[PDB]
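Q: Please find one structure pasted underneath; my questions will follow.
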Amino acid sequence: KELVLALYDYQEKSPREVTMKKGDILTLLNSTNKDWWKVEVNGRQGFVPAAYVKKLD
């Protein structure tokens, strides 16, 4: 889907989550949830907080 810019670093804290670093360009897999968005970063998909990423449309 779209691409999102990681605005902060975020280390996963749950098994469905994924870790990212600030500046990371991630692929937006699912944005139906207002709080968690499923993204793809270096081979891993999973959720991160929606407020920590930004859409590049």
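All residue names refer to the structure tokens as shown: chains lettered A, B, ... in order, residues numbered from 1 in each chain, ligands numbered from 1 in order.
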List the neighbours of segment 9-13 of chain A out to 9 Å using only C-alpha atoms; skip same-chain residues closer than 4 positions along the sequence, and give me the result as an mmCIF file with N, CA and C atoms, in the first residue's frame.

A:
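Below is the file around-v9.cif, written as the result:
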data_model
loop_
_atom_site.group_PDB
_atom_site.id
_atom_site.type_symbol
_atom_site.label_atom_id
_atom_site.label_comp_id
_atom_site.auth_asym_id
_atom_site.auth_seq_id
_atom_site.Cartn_x
_atom_site.Cartn_y
_atom_site.Cartn_z
ATOM 1 N N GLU A 17 3.553 -7.062 17.565
ATOM 2 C CA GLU A 17 4.194 -5.825 17.201
ATOM 3 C C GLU A 17 5.512 -5.956 16.448
ATOM 4 N N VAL A 18 5.962 -4.841 15.882
ATOM 5 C CA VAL A 18 7.240 -4.822 15.162
ATOM 6 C C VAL A 18 8.054 -3.571 15.662
ATOM 7 N N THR A 19 9.390 -3.649 15.561
ATOM 8 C CA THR A 19 10.314 -2.579 15.981
ATOM 9 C C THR A 19 10.755 -1.655 14.812
ATOM 10 N N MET A 20 10.808 -0.347 15.036
ATOM 11 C CA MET A 20 11.254 0.543 13.991
ATOM 12 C C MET A 20 12.108 1.623 14.608
ATOM 13 N N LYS A 21 12.848 2.310 13.752
ATOM 14 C CA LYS A 21 13.695 3.420 14.129
ATOM 15 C C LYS A 21 13.141 4.662 13.471
ATOM 16 N N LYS A 22 13.354 5.801 14.100
ATOM 17 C CA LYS A 22 12.907 7.075 13.582
ATOM 18 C C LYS A 22 13.566 7.270 12.189
ATOM 19 N N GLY A 23 12.826 7.853 11.247
ATOM 20 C CA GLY A 23 13.340 8.037 9.907
ATOM 21 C C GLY A 23 13.053 6.891 8.947
ATOM 22 N N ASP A 24 12.734 5.712 9.500
ATOM 23 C CA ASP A 24 12.388 4.497 8.740
ATOM 24 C C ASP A 24 11.217 4.698 7.798
ATOM 25 N N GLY A 46 3.902 -6.227 11.358
ATOM 26 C CA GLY A 46 3.375 -6.250 12.699
ATOM 27 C C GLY A 46 2.864 -4.877 12.984
ATOM 28 N N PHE A 47 2.380 -4.631 14.200
ATOM 29 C CA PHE A 47 1.839 -3.324 14.538
ATOM 30 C C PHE A 47 2.763 -2.422 15.300
ATOM 31 N N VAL A 48 2.523 -1.127 15.133
ATOM 32 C CA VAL A 48 3.234 -0.065 15.826
ATOM 33 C C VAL A 48 2.157 0.993 16.053
ATOM 34 N N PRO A 49 2.385 1.910 16.990
ATOM 35 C CA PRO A 49 1.376 2.934 17.209
ATOM 36 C C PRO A 49 1.244 3.865 15.996
ATOM 37 N N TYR A 52 2.929 7.235 15.863
ATOM 38 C CA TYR A 52 4.361 7.324 15.771
ATOM 39 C C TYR A 52 4.808 7.306 14.336
#

Q: Do you know which residues are at most 9 Å from residue 57 of chain A counting only C-alpha atoms, after dropping those on the same chain fewer than 5 positions away, and could you put them as a ChimeraX atom specification?

A: /A:2-4

Q: Output C-alpha atoms of each residue in that selection to a file, as a PDB file, in the first residue's frame.

A:
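Dumped everything to selection_9.pdb:
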ATOM      1  CA  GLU A   2       1.324   3.479   0.970  1.00  0.00           C
ATOM      2  CA  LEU A   3       4.599   4.409   2.613  1.00  0.00           C
ATOM      3  CA  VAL A   4       4.893   5.862   6.101  1.00  0.00           C
TER       4      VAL A   4
END

Q: Can you tell me, as number ranges by chain, what residues are no more than 10 Å from residue 50 of chain A when counting only C-alpha atoms, ignoring any on the same chain fewer than 2 positions away?

A: A: 4, 6, 31, 33-39, 47-48, 52-55

Q: For the residues in the current selection, export N, CA and C atoms as a JSON list (two decimals), in the first residue's frame.

A:
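So the final result, stored in out_35.json, reads:
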[["chain", "number", "residue", "atom", "x", "y", "z"],
["A", 4, "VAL", "N", 4.98, 5.04, 4.90],
["A", 4, "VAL", "CA", 4.89, 5.86, 6.10],
["A", 4, "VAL", "C", 6.28, 6.15, 6.68],
["A", 6, "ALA", "N", 8.51, 6.79, 9.87],
["A", 6, "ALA", "CA", 8.59, 6.55, 11.31],
["A", 6, "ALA", "C", 9.06, 7.87, 11.97],
["A", 31, "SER", "N", -4.43, 0.06, 7.85],
["A", 31, "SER", "CA", -4.67, 1.25, 8.66],
["A", 31, "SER", "C", -6.11, 1.41, 9.17],
["A", 33, "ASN", "N", -7.40, 0.39, 11.98],
["A", 33, "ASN", "CA", -7.40, 0.72, 13.41],
["A", 33, "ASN", "C", -6.74, 2.08, 13.70],
["A", 34, "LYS", "N", -7.46, 2.87, 14.49],
["A", 34, "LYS", "CA", -7.09, 4.21, 14.89],
["A", 34, "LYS", "C", -5.87, 4.29, 15.79],
["A", 35, "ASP", "N", -5.55, 3.20, 16.44],
["A", 35, "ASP", "CA", -4.43, 3.25, 17.33],
["A", 35, "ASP", "C", -3.19, 2.52, 16.90],
["A", 36, "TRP", "N", -3.36, 1.39, 16.21],
["A", 36, "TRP", "CA", -2.27, 0.55, 15.73],
["A", 36, "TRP", "C", -2.39, 0.37, 14.22],
["A", 37, "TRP", "N", -1.29, 0.52, 13.49],
["A", 37, "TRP", "CA", -1.28, 0.31, 12.04],
["A", 37, "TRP", "C", -0.29, -0.81, 11.76],
["A", 38, "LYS", "N", -0.63, -1.75, 10.87],
["A", 38, "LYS", "CA", 0.27, -2.85, 10.56],
["A", 38, "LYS", "C", 1.22, -2.40, 9.43],
["A", 39, "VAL", "N", 2.52, -2.46, 9.69],
["A", 39, "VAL", "CA", 3.51, -2.01, 8.73],
["A", 39, "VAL", "C", 4.50, -3.10, 8.43],
["A", 47, "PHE", "N", 2.38, -4.63, 14.20],
["A", 47, "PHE", "CA", 1.84, -3.32, 14.54],
["A", 47, "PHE", "C", 2.76, -2.42, 15.30],
["A", 48, "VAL", "N", 2.52, -1.13, 15.13],
["A", 48, "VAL", "CA", 3.23, -0.07, 15.83],
["A", 48, "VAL", "C", 2.16, 0.99, 16.05],
["A", 52, "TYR", "N", 2.93, 7.24, 15.86],
["A", 52, "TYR", "CA", 4.36, 7.32, 15.77],
["A", 52, "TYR", "C", 4.81, 7.31, 14.34],
["A", 53, "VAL", "N", 3.89, 7.01, 13.40],
["A", 53, "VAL", "CA", 4.21, 7.03, 11.95],
["A", 53, "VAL", "C", 3.44, 8.14, 11.19],
["A", 54, "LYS", "N", 3.89, 8.46, 9.98],
["A", 54, "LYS", "CA", 3.26, 9.50, 9.19],
["A", 54, "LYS", "C", 3.12, 9.02, 7.75],
["A", 55, "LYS", "N", 1.93, 9.19, 7.17],
["A", 55, "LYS", "CA", 1.67, 8.81, 5.78],
["A", 55, "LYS", "C", 2.34, 9.71, 4.73]]

Q: In Å, rounded to a single decimal, give me how far atom CA of residue 28 of chain A is from atom CA of residue 14 of chain A.

A: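 Distance reported for this atom pair: 19.0 Å.
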
Q: Find the residue from A:40, A:45, A:25, A:56 that sits nearest to residue 8 of chain A; use only C-alpha atoms when measuring.

A: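 Nearest candidate to residue 8 of chain A out of A:40, A:45, A:25, A:56: A:25.
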